[PDB]
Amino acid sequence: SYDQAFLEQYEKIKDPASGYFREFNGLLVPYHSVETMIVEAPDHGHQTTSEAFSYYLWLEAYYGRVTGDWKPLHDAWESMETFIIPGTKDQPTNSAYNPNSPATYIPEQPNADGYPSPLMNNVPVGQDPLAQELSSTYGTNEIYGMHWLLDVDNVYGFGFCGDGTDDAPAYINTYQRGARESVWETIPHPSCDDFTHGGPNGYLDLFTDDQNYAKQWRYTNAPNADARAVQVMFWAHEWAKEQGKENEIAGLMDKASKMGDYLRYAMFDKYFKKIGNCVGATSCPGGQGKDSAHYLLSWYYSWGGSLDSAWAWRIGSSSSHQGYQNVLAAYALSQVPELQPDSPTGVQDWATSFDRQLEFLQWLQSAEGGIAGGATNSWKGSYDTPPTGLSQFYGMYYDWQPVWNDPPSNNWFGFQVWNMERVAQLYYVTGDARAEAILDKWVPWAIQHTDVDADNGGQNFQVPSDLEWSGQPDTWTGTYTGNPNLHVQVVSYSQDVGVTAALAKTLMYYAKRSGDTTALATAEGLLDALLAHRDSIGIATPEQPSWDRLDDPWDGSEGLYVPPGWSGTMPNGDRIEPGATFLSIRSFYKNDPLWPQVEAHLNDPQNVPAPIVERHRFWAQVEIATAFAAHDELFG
């Protein structure tokens, strides 16, 4: 059965010999991937992510469904609380936070050479309308949200506030320098910077131009991941309830609702500006109450404070991407009593968001059916002037590439299925007509660009990989025009197993509710294809990544920028200075088992091809397991 396939894949993921996790005192921390040399969002395989933790929850929730044993889900939640939701030690000075003055504006710059970027006190910042309510609800000033990125094996050497120890995964961060700073162009740094490493002011003055530098901590949420963790717990509820075990997980449901309460920070403009036609940083007014809410799952929220006359700050984020939205989580938080937040306005906010996210997704639906990028309340991240005639959604501006422009953030087909699966899941649960309309146009488009290779057992199946967008939606006036002038074309295909599994699920949920037989046939062909690519530790297919940026210094537009005159060292002694490269500040990479093959290709790229690898990404391997489990959930 596929429930046999689920359990086989589950067992591989959880077998210590496979290498998916590091164990710390009985608790498991998943890696980004089994393989160490991987550069895509994290920049090392044995970093990990709040994403991975959300997928770890998902895997154990399906394990509960299948077996009735909910203790592995508890374990996974305990691990999250221990290692990636900052504890008091990690975020110690939230008492200094002033919600009436949440942050000082710093403009985002157009390229990495604009950093460090200065504080601007003449730009109005709004009031934060969440903080006092969260404190009153939970009895703490701390944030209950995952930080996005850990260094699980301490490959970078940061440790805990600079101590270099490897007793727990290190809290670290990379992206800091705006839209044009790719994964290849960051300077990894500790979230808690006591100046042990880096330059004389740690790493702080690569990023922020301030007259004084103080030791401080800061964290960043990945709302795509915290919303997925809530979505997982909706399902744990459902599946435990069918078993008469809903009581075994009632504490975990409480804690997911708490996560969801704090996740509202993602719904706000970065600097709590009023939403809509927010053009000119000194002109766009500060928000009052919830007029700074866009009610979408934006790219991040972040918070920090002095390590120590304490100061502290919080930001939302102004730009939202279709691939992050989670209408299933929004439905759960707004309408399922077991997941409704305890704060007096949490439920209302999530009910507004549920509605708003579905309108946003429909507004972004192209002529062909794919979902375009998103929209922002802060053009270019400095409240800049967008082009005249640019499309709008609730006064925000259409952005075909929200947040990341290296690469354009919505060119990956993966975000289509990550969003769409959640839309399909809603449609399965409630029959939501709004979800159904999106799906009825998207599903054919996706099917039309999928090849399950049925006559050949899925050996050479293919799913969409890279998308090319053009045009813009019509401005939203509360009705779908069909967006005849917003276009997408598929320009590359892959065998990406993670994307495959999410596509298969999307199609299955949709088929279950609609009865659509073409959708189910495609899904079934994709699941066969996955089974055809089993190996000892999971399911994997060949990929051939590119590596040519690893040795690129700054050339005036691309490569690793360091400010003239700036000098510092990484924990291993690697020199951070002008003319450094991705590799030169990550010199440990030269000991990686893949390194010789990478360098041999870069030495002679006409004659030595780039290595072809078969990678085991945690999230992808879980995605697969969940696709197998979903099949039997939906179809027996």
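Start at 1 with the first residue shown and count on from there.
Exercise for the section: Going by the record, give me the number of deposited-sequence residues missing between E78 and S79 as none, 1 to 3, 4 to 9, or 10 or more. Expected result: Count of unmodelled residues in between: none.
Exercise for the section: Select between 209 to 217 and 257 to 265 the stretch whose C-alpha atoms have the higher average B-factor in the entry. Expected result: Per the PDB entry, the higher value belongs to 209 to 217.
Problem - Mean temperature factor over C-alpha atoms, higher-scoring stretch between 381 to 389 and 438 to 446 - result: Averaged over C-alpha atoms, the B-factors run higher in 381 to 389.
Exercise for the section: Can you pull the Cα B-factors for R228, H189, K245, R534 from the entry and say which is highest? Expected result: Max CA B-factor in the entry, restricted to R228, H189, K245, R534: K245.
Problem - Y156, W350, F195, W469, ranked by C-alpha B-factor: the highest one - result: Comparing C-alpha B-factors across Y156, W350, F195, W469, the top value belongs to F195.
Exercise for the section: Taking the values exactly as deposited, rank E23 by C-alpha B-factor within its chain and report the matching third: lowest, middle or highest. Expected result: Highest third - that is where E23 ends up once the chain's C-alpha B-factors are sorted.
Problem - CA B-factor placement of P129, once the chain's modelled residues are sorted into thirds - result: Ranked within chain, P129 CA B lands in the middle tercile.
Exercise for the section: Report the third (lowest, middle or highest) to which the CA temperature factor of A610 belongs, ranking only the modelled residues of the same chain. Expected result: Highest third.
Exercise for the section: Taking the values exactly as deposited, rank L339 by C-alpha B-factor within its chain and report the matching third: lowest, middle or highest. Expected result: Top third by C-alpha B-factor.
Exercise for the section: Would you mind checking where the Cα B-factor of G525 ranks among the modelled residues of its chain, as the lowest, middle or highest third? Expected result: Its C-alpha B-factor belongs to the middle third of this chain's values.
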